[PDB]
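Take a look at the structure set out below.
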Amino acid sequence: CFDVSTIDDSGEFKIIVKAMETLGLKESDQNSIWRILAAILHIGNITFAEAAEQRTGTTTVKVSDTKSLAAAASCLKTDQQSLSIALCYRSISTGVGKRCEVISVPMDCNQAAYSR
Amino acid sequence: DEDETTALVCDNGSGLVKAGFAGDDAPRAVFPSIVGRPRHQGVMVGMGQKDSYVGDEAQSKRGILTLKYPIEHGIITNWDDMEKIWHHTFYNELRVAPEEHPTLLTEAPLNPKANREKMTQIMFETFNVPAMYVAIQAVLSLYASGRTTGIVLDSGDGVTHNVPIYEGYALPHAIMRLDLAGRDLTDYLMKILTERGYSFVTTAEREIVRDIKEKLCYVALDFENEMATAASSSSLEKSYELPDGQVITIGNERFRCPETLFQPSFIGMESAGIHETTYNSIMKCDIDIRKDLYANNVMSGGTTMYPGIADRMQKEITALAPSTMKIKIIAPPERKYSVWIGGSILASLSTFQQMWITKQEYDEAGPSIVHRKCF
Amino acid sequence: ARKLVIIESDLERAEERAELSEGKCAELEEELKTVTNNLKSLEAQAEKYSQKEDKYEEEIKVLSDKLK
Amino acid sequence: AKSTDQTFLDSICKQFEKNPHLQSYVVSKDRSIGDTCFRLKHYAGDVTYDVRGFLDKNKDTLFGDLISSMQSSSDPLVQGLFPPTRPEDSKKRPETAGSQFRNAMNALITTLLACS
Amino acid sequence: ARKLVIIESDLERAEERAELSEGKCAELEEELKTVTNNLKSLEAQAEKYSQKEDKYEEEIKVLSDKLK
Amino acid sequence: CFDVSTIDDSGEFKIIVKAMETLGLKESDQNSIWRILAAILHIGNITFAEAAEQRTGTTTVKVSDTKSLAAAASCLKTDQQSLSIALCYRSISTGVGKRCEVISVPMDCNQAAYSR
């Protein structure tokens, strides 16, 4: 669902803004807060177009909608490439001396959506 | 409630457990009568194994299972496991409790007296069942098929019954019980397969025989004439790529095993074919009661579904038998489920009340209420 | 550094050719599943028809004898 | 990972249904209990639950590999979501967030039974 | 140099699965044509068997009348 | 019977048409309704020329007047062949998993005309 019959969000905002300023959250601070949520929204526009690389059972993960995927990495201010390689492919090798990453291999979609 | 009471229709044997919802025509819930353990040890922790695996759940994953068979055509090796077979019927498939609706079962004629009370005790004196009954296998198919005057030979998988019912029940007998159907053929194939480097030993793979059977196996029009025809590789050899990984061009393996039916000599019994005993049972009746029997023969069961079963009977009988009336064999569309078509009927009838057993009726006559009411 | 750019040019080519093949391969397998289903279906009917004519000719042969 | 919700539900009915305050459609002969549902007695009232989610919903486990990529961010906002390692909540770190829930509520009662 | 190996290795995996898929896909495509031809052939025979047993149907009937 | 001495259907139609439009059944809708009846009429031109395949007792069902039989399947927009095989020969095998049809065998004429 999205819309609620009892709550009026559109008309409540400008009323909340006064309450936002009551505490001490000026527009300057408001904008800073909206970015955090925008980051979450950018993550929300990121799913996995079930990569059909594998032919039968298991399956890899590939992002056809790069527009949405790039939008997140753009606002997260991180390497889009490393982000896709590090997440889609988990790294493990922490021998006290403290890790050597990148070694991995793709996994099913359920686990991908789960880790997501 | 209102104009709805809901009555279950069940018909168990040695091959399938036929069941449905209420007032149905054909069996809805069906599953193999199996219940084994884990020879393997369940991973034990990746589930405290238990559930012998049953219903369309055990047959799906056989291999691992140690399938043990309780009901070998009549005799029950053990009644303790039966409790966990009926725990799959009403609950898993039907999704209804036996403490709500009546129940209907089938009766194999001439069944051990001890079995009557044993079965009834499992319900009434344990799992509350308001009302139930155990109708007699063959008689049901008679009405559904729409026959008044017939000689019924109902044979699904368990045992063979030559029932010349065509007006009434409980007369001298003219009925027989033979352990030579279905599962008997399933065990015979593996025996002869050994002559061709094949050996389906245990039960798990023994079930596969049944699968391969009902897709190619046939009965030779005439073994003697088809012997010289064996030279031809067109009507005999039939490729069958086993869905596991093996090619078996069965040719003379299809009509060798079913031959046991007409030839009990292949299982160590003086008993003759099913067309000799037919004479044996008819001759013990009135003399002016035969002319109408030959006119119409009722052949029901899955054994009559095989290609080359009805035509052969019209060849051997006419040879040495009264030759005056028309000879005709009746084989309904689905002559196997003919029992369930008639089973659903009696369950949906109201006159059926003056026959079944009611909750209170049991306590009024004790455990002997069964043989006091039915017979 | 230059070789790192060249090696990528050949990677995308093999990925597409494999995906394009898998797309048709799956379609052919699905088609085969449908054809083989009707194949055995027609074979069953053909065997049945063959069984019918055999019984017909046998009965007709008898009718001819009785007619004479 | 393979023991799905359905398999876990089976582990409850067998291990228990003997200890007080629990029923189902198998032990308790009652049609009111669906085959895909189970009964659970509270301090008084009776409630029937569904087994949808359970595992993946409760687990919420996120190990380093995926987190590490975010902790090493230069942006003050992103790294802000990953404070300088355990703020007054250290103990051991890796052991799912579901089990961590129990710990959060247990730490709550412990400080409730030490006052007036 | 290490990144090069990673991508270069992927090229080997991509090239391998491509030639393998295309190889089997081509074999499958060719097989479908053979199976399809068999389907059309069997279907034709079944049609001839069906129309034949239907001819014996109207034949065994008229003969039964003449016999009566 | 067919004709009635008290009712005049031929002259009543054009009067009913006005009543048809009174409610809201325009010619466009009228034509759509006549098809449903036409379907019933097409079923009405379908009997069973008692197939003389069987020689004595029981009997099969065959349609010599294919013109009339085809007319129905044509307007019903269904496979004429499957229609003849599925109806003349009933299918049963619904084992929860939900059915596998086509297995059957012919039956008497009375039952055919009855099911019809």
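A, B, C, D, E and F label the chains in the order they appear, each numbered from 1.
Here is the rule we use: contacts are C-beta pairs under 8 Å (C-beta built on N, C-alpha and C of every residue); 3 or more make two chains touch, one makes a residue touch a chain.
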| item | value |
| --- | --- |
| Pair of chains whose C-beta contact count is the highest in the structure | C-E |
| Chain located farthest away, centre of chain B as origin (C-alpha) | A |
| Euclidean distance of C-alpha centroids - chain A vs chain E, Å | 47 |
| Centroid distance [mean C-alpha coordinates] between chain E and chain D, Å | 52 |
| Computed distance of Cα centres, chain F from chain D, in Å | 61 |
| Distance between chain centroids, defined by C-alpha means - chain E, chain F (Å) | 37 |
| Set of chain C residues in contact with two or more other chains | 15, 18, 22, 25, 59 |
| Set of chain B residues in contact with two or more other chains | none |
| Chain D-facing residues of chain B, complex | 46-48, 50, 87, 91-92, 95-97, 99-100, 127-128 |
| Of all residues in chain C, those that touch chain A in their complex | 15, 18-19, 22-23, 25-26 |
| Parts of chain E lying in touch with chain C, wherever the complex brings them together | 3-4, 7-8, 10-11, 14-15, 17-18, 21-22, 24-25, 28-29, 31-32, 35-36, 38-39, 42-43, 45-46, 49-50, 52-53, 56-57, 59-60, 63-64, 66-67 |
| Complex contact set, residues of chain B against chain F | 25-30, 56, 93, 146, 296, 326, 328, 330-335, 337 |
| Footprint of chain C on chain A - complex, ascending | 52-53, 55 |
